[PDB]
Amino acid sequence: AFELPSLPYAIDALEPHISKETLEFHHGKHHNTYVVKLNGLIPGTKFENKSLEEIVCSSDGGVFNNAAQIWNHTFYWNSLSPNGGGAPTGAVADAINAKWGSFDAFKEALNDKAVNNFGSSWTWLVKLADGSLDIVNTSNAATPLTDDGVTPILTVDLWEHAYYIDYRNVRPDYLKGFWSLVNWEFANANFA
């Protein structure tokens, strides 16, 4: 049914911020496993012919954990880039300034939400229904995609498999890696 998407860049393209070995396990094993599991759960069910987002927004239990993780990881890979990092640009830079006053205050606010997102989790930059940006944390497979009117803009995976190989227990060091890779083109594409 579903297929694991290709990575949007070569396996060593995020070096030295996220390693090749991390992409091999994170994309090639964890993301793949969610796709295999969902496909095993859907045959001959009321989800067998629905799109992935349709499944994510209409399931619970194991179907939801697997489908939402497939979606969350594809969004995460797009949130990184070997040509990303550095200062934000375009409409998202201005929207960040409108909410937090400055990019540095936004980065401090997102780092604080990410470091403190307890357990397996995701930290998201979203555009609320009212048009403003905000930072929100979700646990396990939960995702702002299920929230009517909220538009996911970027995400950082904080499950330990996302960073343990490269950074062990030090999330702030992984977050420095993330800021060096953040894909402002994808953020702007989602914001607009």
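Position 1 is the first residue in the sequence shown; the rest follow in order.
- According to the PDB record, 87-95 carries the higher mean C-alpha B-factor of the two stretches 72-80 and 87-95.
- Per the deposited record, 55 carries the highest C-alpha B-factor of all listed residues (55, 165, 142, 135).
- In the deposited entry, the Cα temperature factor of residue 155 sits in the bottom third of values across the chain's modelled residues.
- Sorting the modelled residues of the chain by their CA temperature factor places residue 66 in the middle third.
- Ranked within its chain, residue 181 lands in the lowest third, by CA B factor from the PDB record.
- Ranked against the other modelled residues of its chain, the C-alpha B-factor of residue 187 as given in the entry falls in the lowest third.
- When all modelled residues of the chain are sorted by CA temperature factor, residue 46 is found within the highest third.
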